[PDB]
Structure formats: C-alpha cells, structure tokens
Amino acid sequence: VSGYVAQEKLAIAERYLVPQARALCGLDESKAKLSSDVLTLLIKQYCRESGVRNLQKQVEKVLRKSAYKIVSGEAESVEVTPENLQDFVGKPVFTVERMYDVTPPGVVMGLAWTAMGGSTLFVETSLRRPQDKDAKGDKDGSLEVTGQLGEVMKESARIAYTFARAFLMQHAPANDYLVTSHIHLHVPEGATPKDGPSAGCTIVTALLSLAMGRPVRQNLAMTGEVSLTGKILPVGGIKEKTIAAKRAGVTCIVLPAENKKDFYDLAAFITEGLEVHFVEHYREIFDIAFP
Amino acid sequence: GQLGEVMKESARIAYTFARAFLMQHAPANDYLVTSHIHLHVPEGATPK
Amino acid sequence: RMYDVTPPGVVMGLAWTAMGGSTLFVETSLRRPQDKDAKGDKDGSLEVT
Amino acid sequence: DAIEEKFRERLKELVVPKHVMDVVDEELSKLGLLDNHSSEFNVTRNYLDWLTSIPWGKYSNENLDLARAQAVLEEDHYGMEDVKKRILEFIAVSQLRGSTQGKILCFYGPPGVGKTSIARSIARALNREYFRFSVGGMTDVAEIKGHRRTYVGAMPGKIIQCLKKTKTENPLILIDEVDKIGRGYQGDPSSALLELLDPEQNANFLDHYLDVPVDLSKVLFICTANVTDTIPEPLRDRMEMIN
Amino acid sequence: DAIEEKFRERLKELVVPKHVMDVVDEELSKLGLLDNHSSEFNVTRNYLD
Amino acid sequence: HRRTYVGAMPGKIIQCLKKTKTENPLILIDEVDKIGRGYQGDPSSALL
Amino acid sequence: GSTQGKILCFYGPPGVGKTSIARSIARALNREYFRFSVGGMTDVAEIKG
Ligand SMILES: Nc1ncnc2c1ncn2[C@@H]1O[C@H](COP(=O)(O)OP(=O)(O)O)[C@@H](O)[C@H]1O
Ligand SMILES: Nc1ncnc2c1ncn2[C@@H]1O[C@H](COP(=O)(O)OP(=O)(O)O)[C@@H](O)[C@H]1O
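Reference entry: report on the structure contained in this document. Here the residues of each chain are numbered from 1 in the order the sequence is written, which can differ from the numbering of the entry; residues without coordinates are not included. Both sets of labels track the order of writing: A upward for chains, 1 upward for ligands. Any value reported refers to the chains on display, which are one part of a larger assembly. Note that the side-chain values use all heavy atoms of the structure and ignore hydrogens as well as water.

**Thoughts on the overall build of chain B**
Then, number 1: Each helix and strand counted, chain B has one helix and zero strands in total.
Then, number 2: Its C-alpha atoms put chain B at 40 × 20 × 15 Å along the principal axes.
Then, number 3: Only protein chains enter the accessibility calculation, which uses a 1.4 Å probe; a residue whose area is less than 20% of its type maximum is buried, one above 50% is exposed, and one in between is partly exposed. Here chain B, with 48 residues, has 6% of them falling under the buried criterion.
Then, number 4: For the accessible areas, the method is Shrake-Rupley and the probe is 1.4 Å, while residue cover comes only from the protein chains on display. In the structure as shown, chain B presents an accessible area of about 4,300 Å², 65% of it carried by carbon and sulfur atoms.
Then, number 5: Under this rule, positive means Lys or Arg and negative means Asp or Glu; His and the chain ends count for nothing. Just so you know, the charge point we use is NZ for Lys, CZ for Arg, CG for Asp and CD for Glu. Across chain B, 4 positive and 4 negative side-chain charges occur, with their mean positions spaced 2 Å apart. Labels follow the DSSP assignment, with helices taken as runs of H or I lasting at least four residues and strands as runs of E lasting at least two, numbered in each case from the N terminus.

Shown next as structure tokens:
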C-alpha cells in the first residue's frame, strides 16, 4: 500500500471517514455541517503526513468539542465554517510551507524516502572559517559533515566532494574556493540507512551554489545517485517521494532516466502540473539550475 | 565551561564570523588571528 | 557481481560466511590529499573499517 | 451468597458493560462452587471485588457553563491569566462540539509554580473527581497493568485502583513528572502509556489481572513535566505543551 | 457433571477432530479424578472453558 | 503458559478462537516488524 | 550383534536438506522417528521433567 496524495485524502475522508465520526457524536449533517473548505484547510495546516490518521485525530478533537458545545453548551446545532474552525482548534501553528523561498546560497531542498512516507528535508552548508589562511598554502579545503551521519554518508560525501572539485577545474578555473577553503555541511536526519545514498545527488548542487555563490533556481526539488564520474543511477521508492514533492508545491523535478518505468504507474491526477527532467550524465543538471 | 558538543560547533562558527568581521571592518587590526584565547561559557543553559 | 569494469583498488574476495559462501568485494581509497608536503615524512596511516 | 449479592445490588445500581455483565455473572456462579478455605477462592473473590468495585456509569455531573469555571479559577490562583485563558479555550472547544472530548495536555515550568494546585482547581471547577499519580522514574510496566492474577501476589494495575478509589466513571487523572519517567530498555512504560493516552483505546483499556476491557473514555488525563523536551518525541507530540 | 454436560452437548454440535475428542476424553477422565472445590479444579475448569 | 504455572493462561490465539467462534477466521497479526527477538525464548521464532 | 546407539552430527548451510535425511534414515532402519527442537531453549526441566 502507498501513501495518499494531499488532495486525494479529501475524496477519501469526506465519504469513508467523516460520516463515521459523525455517527460517533450521534449528530446528523443537517445540524452539524462541515464544508470541504474546512477539511482542505485542516490538512493544509495541522497534518502533512501521507496517511490520514492525523487528520482523523484533528477532526475528532474538533467534533468532540462540538459535542461539548451541544450536550451542555449553548447551541443546539453547531455550524462549523472554515473561518470558525480556528475558534474550536485554536490558531494555526504551521503556515510557511517551503521555509526559505529565495533560498539564499548553499542550502538546497532534497527528497528522502524516510521510514514512513517521504519528506523533502533540506540540506544546508556554509563556510566555517576564513578562506585565505595562506596565499601559498597547500592544504585540502577539508569538508566537515554533520547530522547523525552514517558511514555510507561519509563515502558518499567524499565522492560528491571530489566530483565538485573536478567539475570546477574542468568548468571555471578562475574560481578556487573549494580547494582553498573549509566547508561545513549538515544533512538533517530522517533517511533510513538503506536509501541513504539517494540524497547524494542533491549534495553536490548544494556546494556548487556556494561556489559560484548564486542562489539555486527556486523550488527545484531533485534526487538521484552519483557515480564519482558524473554518471547517475536509479533510486528506489519513487512514488512516496513524488507525492511528498506534490505536497510541497514543487513544480519541477529531476530523476535518473532508468526510473522512467515506475513513474508511469502513478495516477494521472498526480502527474498533472509537473515538468519532469530525466537525465543520465550529471552535466545536464548543471545547465538546468544556474544559467 | 562544561560544554555540550553542540555549543562547540556554534562557538567555532561564531569565532569564524568574528575573524571575518574584523577584517571586514578594521583590517589594520589583527588581534583575533594572531593570539590564543580562552573562552568560558558558564554551564546552566539546557542543551536545546 | 555489481562492478564489472572493477575500477582500480577494488578486488573480489571469497568468504566462508556463517551460512554458505559469498563473494564479498573489498575496497579502498584515499582519505587526504596525497602531496601534503613534497618533503613530508609521515607514515601513510591506514584506517581499517 | 452475601458477597455475590452485594455485587448484585451494586449491579442494580451501576450498569456494568454487557460484557462485564456476563463476566461477573460466570465469576459469580463460580464463587458458590468454591470452598471458603480454597486458595484460589481468595484471589478470585478479591478479583470479583476488584471487578465489581469499578464504577460503570457512575457519573459525577459536570458544570458546563463557562462562567462558573471563570469564577472558581479566579478564586484560588492570582494572575497567571494565560493558562486560565488557554484552559478556558480548551473546555470551550470541548463544549463547542457537544459532549466532553478527550485530548492530552501538558504543563511545564519551574518547579513550584502552582501546577498541581491549579490541576485540582480544575477538578473542582469542572466538578470531576481528582486523583494524582506520579510516574517519575518507573520502568515496571506491571504497575500500570498489575500482574496476570496467576502470578504470585498479583494485584490490578494502578489505573483500576484509582477507579476503585475515585468511584466515578469519569475522574480527572493527573499524571505527574512525565519528564523523569523511567524510559528504559527493560520494558519502556512510555510505550505502554500510549494505549492509555490514546483517546480511543482507553475506552477498552485492559490490564493483566482482570482481562475485561475498562472504559476510560471520559477520563481527563493531565501531565506535568519540569521541561517539556526530554519527553520522548512520540509521546510529547500528542499532548500540547502549555508553559 | 454439569460443566461436563454443557461442554458435551457443545461437543455434539461443533465437529471436533476425533483425536482432540479422545484427548479431551482422557482429560475429562482426569477432571473426574480432580476434586470439586480444588483451586486446580478452577484452573482446569477454566481450562475446559 | 504451561498451565501448571500460577496464573497461567493460553496464548492469544486460543482467546481469538474463543471469541470469534469460527474454525476458519481471518487472523490479523499487527506490527510484525518490531517483534521482540530475544534470548528469553524468541516469539518471532515461535511464530514459524 | 545387537543394535547400538551412537551420536552423529550434521552441519551446513540452512536448507541443505538435513532434517529430510533424518527421516529418511528413520524409515530406513525402521525405527520410529521423533523430532525435538531445542533452539533457544533454557528449560533444564524439559530435559528432566
Ligand atoms: N497563584 C498561586 N496562588 C496560590 N498558591 C500558589 C500559586 N502558585 C503556587 N502556589 C502554591 O505553590 C505550591 C506549588 O504546588 P503545585 O503546583 O501543587 O505542585 P508543584 O509544587 O510541583 O508546583 C502550592 O502549595 C500552591 O498553593
Ligand atoms: N537432496 C535433497 N533431496 C530432497 N529434498 C531436499 C534435498 N535437499 C534439500 N531438500 C529439501 O530441503 C527442505 C528442507 O530440508 P531439511 O534439512 O529437511 O530442513 P532444513 O534444510 O530446513 O534444515 C526440504 O523441504 C527438502 O525437500
């Protein structure tokens, strides 16, 4: 079984879920209406999870508060409206989907096929020391990874790092930022170890944003697997990843061409509004972000 | 000062920002890059 | 047998595991810049893992 | 037929769930067969006592006007208007739907701020029965569920004991010091509490001593931790962390 | 043999495996050996349940 | 249990058969992935 | 002359066919067969009641 797309949960819960809780409080819809707008607003705020259980808890709490307003309270017929809802369940907590929007240099979004569902955790990086420690200095601009690293992430990190160092020298010799400076890099935890390498293709683009210093093109989630010479490889579990990207408002995405098969299994409503970019060699990606 | 490791990364980060701030502000001074310094954060703050 | 071109520094090795036998690969790689000092005299310390 | 009949008269008063109706009936039939001198007769007599003792529908009535909660809250705690305002909103959203509704909640702040005193003040505000229950540093999950009743020395879990003592079907439980709960490898109670604190699974809570589900659905659990972050993420995430 | 008879008219309805039928037959023989008031009679009567 | 232990009771399955009243139900074991596989007699091995 | 006991051991990767040969011997000699798993056991009483 897969997760469920955010919009799809409305068509499920409005029929097979909402009436159940309506039978739990003993009311009929004639006296206890709950518009579609209240539910889409709900799922938009308090529960961004591929499963519907969390929305079921929210609507439960709201309903039981309505029951409390009936059985002892004033109204004989609570009438929920989307503007009213914040009364019942208090003020919205989360709002700012996609925290950064301009994405200032050296932080990039990345999909991750987590242990339950999928989430577009960002990966972040920054300088950690002044660069010109010695004009004649010949010391490697050492990286320092952080974020509950698995050892596999250590080999992936060095692989991606060396690939950055080769791409710069082949591309823009005048820059020397990488070989002449230290860099802190932080991958937030959540990915299960077996899928760990799939984040790696994101990593190199993070550093490159710091390198040229331009921000990455906006809201461009991606995933893949890097080969240490710019060839890319298939990653697994794509459907959870793509639905999470749909949840985040993503409007482009980049995958290895070898996964052109599984992506077509997806329901057609899932595929509307996206503009995918299958690729094999890494150089392609470099021209679809910066220029 | 009975540091938690998270304070160690925060501290070196702030240190590097200091090193940049002087040369960005008053380059003729070089006090930070040219001297050792002990720094002490009293314990008591909860780690988070 | 995942690799086929076997890029340098990876070799096959048989292993009489607890159940059956499996053709586990062994791999190695650099961990620091090599020319740290043209005059440098530091043992090229290994790190097994 | 004396113990059986006082269980019977209370059965005439308290409406046991029909599954509990049946279970107490077969155990009642078992009571007359046994010798008073038999060893199992003691554990099963005390078991039926423990089973019948539990209120099953006894309902301390609540006030449901917000106003009386306003007053009674201001009478016994000066200031600290924020928490009063929030708790008023919680009971307002509880009454908004109709009947009472569960939700878990947590309070946290410096020790001695008055937490438990306002807790009890709500118990007498709402008119529900009170019972504090510290759980700091425990790891013996059996205390929350008793023992099998086939184990030597088994007695029902703490929850059943509080129901026997508070004598209402809908008291105001107050878990204390969640932050220091013994959350170990030796059987983590904190995983075990999830069945308690789930708004839905309390309705069929069961404990190793008396297998039959209990119905806690009306209970109002509360939790107090000196700092809210140490509590494990799955548990902290359900209840709100008021400060 | 009250419990034995209610469970035996039961036995007559649900079609028990003949092996389990004879095994409950010897066990019921033991239940006849076992005392009417013993706590082990309670454990084995609730076993019969 | 062995049924000779104090407080002994049959495994969960005997109770499901006791409750469901059919010989051929649809048992639903839940959350198999996190079963405790220890030295104290592994139920996960016992499930075979 | 007479029949004799002896101990024997088989060992190898799981699923090589071990238990199956056991039974094949049991119907070879014509002795009665009886499996007895002891994996993960700790009950000395099982060996002695
Ligand atoms: N606003 C207040 N009004 C009256 N008494 C208070 C107030 N705040 C704290 N107290 C007193 O401080 C003590 C703190 O106790 P309590 O909240 O019951 O547990 P804890 O000691 O863990 O805070 C109580 O004796 C209480 O009467
Ligand atoms: N040489 C063989 N002849 C027949 N069956 C075999 C042979 N080797 C393996 N098997 C099969 O292997 C399975 C398991 O073998 P067995 O040793 O009896 O148990 P396990 O191998 O699991 O310890 C049996 O179902 C059996 O049919």
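**Structural notes on the overall build of chain E**
Then, number 1: Scanning chain E from N- to C-terminus turns up three helices and zero strands.
Then, number 2: Start at the N end of chain E and walk to the C end: the helices and strands fall as α-α-α.
Then, number 3: Out of the 49 residues belonging to chain E, those deemed buried represent 18%.
Then, number 4: Of the accessible surface of chain E, which amounts to about 3,700 Å², a share of 56% is contributed by carbon and sulfur atoms.
Then, number 5: Of note, chain E has its 7 positive side-chain charges centred 4 Å away from the centre of its 12 negative side-chain charges.

**Observations concerning the state of the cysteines**
Then, number 1: The definition used for a disulfide is geometric: two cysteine sulfur atoms within 2.5 Å. Counted under the stated rule, the structure contains zero disulfides over all chains.
Then, number 2: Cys162(D) takes part in no disulfide bond, and the closest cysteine sulfur to it belongs to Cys223(D), at a distance of 13 Å.

**Overview of the sheet that holds strand 3 (residues 143-146) of chain A**
Residues and elements named next belong to chain A.
Then, number 1: As summarised here, the arrangement of the four strands in space is 1-2-4-3, forming an open sheet in which the pairing is mixed. The sheet is open, and its two borders are formed by strand 1 (107-109) and strand 3, each paired with just one other strand. The mean angle between the axes of side-by-side strands here comes to 15°, regardless of whether they run parallel or antiparallel.
Then, number 2: Strands are treated as partners if at least two bridges between them are detected by DSSP. The sheet contact formed by strand 1 and strand 2 (residues 122-126) spans three bridges and is antiparallel. Paired with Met109 across the strands is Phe122, a residue of strand 2. Axes, fitted as lines to C-alpha atoms, cover a helix only where it is in contact. Angles between the N-to-C directions of the axes lie from 0 to 180 degrees.

**Observations regarding empty space enclosed by the protein**
Residues and elements named next belong to chain D.
Then, number 1: Cavity and pocket criteria rest on a 1 Å grid covering protein atoms alone: a 1.4 Å probe that fits but cannot get out defines a cavity, protein on both sides within 12 Å along at least 5 of 7 lines defines an open pocket, and an atom within 4 Å of a point defines a lining residue. Grid points are joined across faces, edges and corners, and a volume is the space filled by probe spheres set on the points. In total, this model carries 10 cavities of 30 Å³ or more according to the counting rule given.
Then, number 2: Roughly 220 Å³ of internal volume is contained in the largest cavity.
Then, number 3: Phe90, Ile91, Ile122, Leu126 and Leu220 are, among the 16 residues lining the largest cavity, the residues nearest its centre.
Then, number 4: Broken down by secondary-structure element, the contributors of at least two residues to the lining of the largest cavity are helix 5 (81-96), strand 1 (105-108) and helix 6 (115-126).
Then, number 5: It is helix 5 that contributes the most residues to the lining of the largest cavity, four residues altogether.
Then, number 6: Looking at the second largest cavity, its volume works out to about 140 Å³.
Then, number 7: In this structure, the second largest cavity is lined by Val135, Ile175, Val178, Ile181, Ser190, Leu193, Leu197, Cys223, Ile231, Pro232, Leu235 and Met239.
Then, number 8: No other element matches the three residues that helix 9 (residues 189-197) contributes to the lining of the second largest cavity.
Then, number 9: Throughout, the ten residues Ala, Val, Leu, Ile, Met, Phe, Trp, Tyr, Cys and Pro are labelled nonpolar, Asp, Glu, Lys and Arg are labelled charged, and all others, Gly among them, are labelled polar. Tallied by class, the residues present in the lining of the second largest cavity amount to 11 nonpolar, one polar and no charged.

**Brief notes about a nonpolar patch on the surface**
Residues and elements named next belong to chain F.
Then, number 1: On the surface, a cluster of nonpolar side chains totalling about 700 Å² of accessible area is made up of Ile13, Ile14, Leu17, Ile27, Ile29, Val32, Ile35 and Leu47.
Then, number 2: With respect to the helices and strands, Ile35 occurs in the loop between helix 1 (12-20) and helix 2 (43-46).
Then, number 3: What makes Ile35 partly exposed here is its relative accessible area of 31%. Patch membership requires more than 30% relative accessible area and the absence of a salt bridge. Residues of like charge join within 9 Å; the nonpolar side chains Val, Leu, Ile, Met, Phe, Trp and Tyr join within 5 Å. By definition here, a salt bridge exists when the distance from a side-chain nitrogen of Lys or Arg to a carboxyl oxygen of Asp or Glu is within 4 Å.

**Comments concerning the pattern of salt bridges**
Then, number 1: Applying the stated criterion to the full structure yields 18 salt bridges over all chains.
Then, number 2: Linking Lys31(A) and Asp28(A) is a salt bridge whose minimum nitrogen-to-oxygen distance equals 3.8 Å.
Then, number 3: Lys31(A) sits in the partly exposed class, given a relative accessible area of 35%.
Then, number 4: In the salt-bridge network here, residues are joined through shared partners; they are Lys6(D), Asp49(D) and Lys164(D).

**Description of the sheet that holds strand 5 (residues 240-242) of chain D**
All names here are of chain D.
Then, number 1: Strand order in the open sheet made by the three strands is 4-1-5, with parallel pairing throughout. Looking at which strands have only one partner, the edges of the open sheet turn out to be strand 4 (223-225) and strand 5. Strand-to-strand twist of the sheet, defined as the mean angle between neighbouring strand axes without regard to direction, takes the value 30°.
Then, number 2: Bridge count for strand 1 against strand 5 is three bridges, and the pairing is parallel. Its bridge partner lying in strand 5, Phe107 is registered against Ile242.

**Quick notes on the side chain of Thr202(A)**
Then, number 1: Inspection of the secondary structure assignment puts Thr202(A) in helix 6 (residues 200-212).
Then, number 2: Within the structure, the side chain of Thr202(A) is placed 2.5 Å from the backbone oxygen of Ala199(A), a separation counted as a polar contact. Think of a polar contact as two N or O atoms within 3.5 Å of one another; within protein, one of them needs to be a possible hydrogen donor and the other a possible acceptor, and neighboring residues in sequence only count if both atoms come from side chains.

**With respect to the interface of chain D and chain A**
Then, number 1: The contact rule is simple, with two residues in contact once any of their heavy atoms fall within 4.5 Å. Taken together, the 19 residues of chain D in the interface contact 19 residues of chain A.
Then, number 2: When the area that chain D buries against chain A is broken down by residue, the three leading residues are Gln95(D), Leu96(D) and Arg97(D), summing to 44%.
Then, number 3: The interface formed by chain D and chain A includes zero salt bridges.
Then, number 4: In this assembly, chain D and chain A are joined by 27 residue pairs in polar contact. Buried area: the sum, over both parts, of the accessible surface (1.4 Å probe) that disappears when the two are put together.

**Brief notes about the nonpolar core**
Residues and elements named next belong to chain D.
Then, number 1: Each nonpolar core is a collection of buried residues, namely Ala, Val, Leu, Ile, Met, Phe, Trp, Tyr and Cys, held together in the definition by side-chain atoms within 4.5 Å. With 46 residues, the main nonpolar core has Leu51, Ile160 and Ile175 as its most contacted residues.
Then, number 2: The set of elements that each furnish at least two residues to this core consists of helix 2 (18-33), helix 3 (39-53), strand 2 (130-134), helix 8 (158-166), strand 3 (172-176), helix 9 and strand 4.
Then, number 3: Per-element tally for this core: the top contributor is helix 3, with five residues.
Then, number 4: If near-sequence neighbours (up to four positions away) are discounted, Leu51 is found in contact with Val20, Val23, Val24, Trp56, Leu210 and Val212.

**Section: the packing of helix 2 of chain D against helix 3 of chain D**
Residue and element names in this part refer to chain D.
Then, number 1: Running from N to C, helix 2 and helix 3 cross one another at 150°; their axes reach a closest spacing of 11 Å. Viewed along their axes, helix 2 and helix 3 adopt a mutual orientation that is roughly antiparallel. Seen from above, helix 2 lies across helix 3 with left-handed handedness. In this structure, helix 2 contributes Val20, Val23, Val24, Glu27, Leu28, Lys30 and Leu31 to the contact, and helix 3 contributes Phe41, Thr44, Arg45, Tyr47, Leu48, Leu51 and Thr52.
Then, number 2: Among the residues making up the contact of helix 2 with helix 3, the classes are represented as nine nonpolar, two polar and three charged. Here roughly perpendicular refers to angles of 65 to 115 degrees, roughly parallel to angles under 35, roughly antiparallel to angles over 145, and oblique to all remaining angles. Two helices cross in a left-handed way if the nearer one is turned anticlockwise from the farther one by less than a right angle. They cross in a right-handed way if the turn is clockwise.

**A look at unusual backbone geometry**
Then, number 1: A positive phi angle, close to 70°, is found at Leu228(A), a residue other than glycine.
Then, number 2: Note on placement: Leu228(A) falls in the loop between helix 6 and helix 7 (238-247).
Then, number 3: Residues other than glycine seldom take positive phi values, yet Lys167(D) does so here, at roughly 60°.
Then, number 4: For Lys167(D), the position within the fold is in the loop between helix 8 and strand 3.

**Topic: the site of ligand 2**
Residue and element names in this part refer to chain G.
Then, number 1: Definition of nearness: a residue and a molecule or strand are near each other if at least one heavy atom of the residue lies within 4 Å of the molecule or strand. Close contacts around ligand 2 come from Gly15, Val16, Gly17, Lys18, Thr19 and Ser20, and that covers them all.
Then, number 2: Between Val16 and ligand 2, the recorded distance is 3.1 Å, taken from a backbone N or O atom to a nitrogen atom.
Then, number 3: Contact between ligand 2 and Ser20: an oxygen atom at 2.4 Å from a main-chain N or O atom of the residue.
Then, number 4: Contact with the protein chains covers 39% of the free accessible surface of ligand 2, which is 550 Å².

**Quick look at the arrangement of the chains**
Then, number 1: Out of nine pairs of chains that touch, the pair holding the most contacts is chains A and D.
Then, number 2: As for chain G relative to chain D, no contact occurs, and the smallest C-alpha gap between them is 19 Å.

**Let's talk about a negative patch on the surface**
Residues and elements named next belong to chain D.
Then, number 1: A cluster of acidic residues, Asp1, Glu5, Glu9 and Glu13, forms a negative patch on the protein surface.
Then, number 2: Inspection of the secondary structure assignment puts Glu5 in helix 1 (residues 2-13).
Then, number 3: You can call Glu5 partly exposed: its relative accessible area is 41%.

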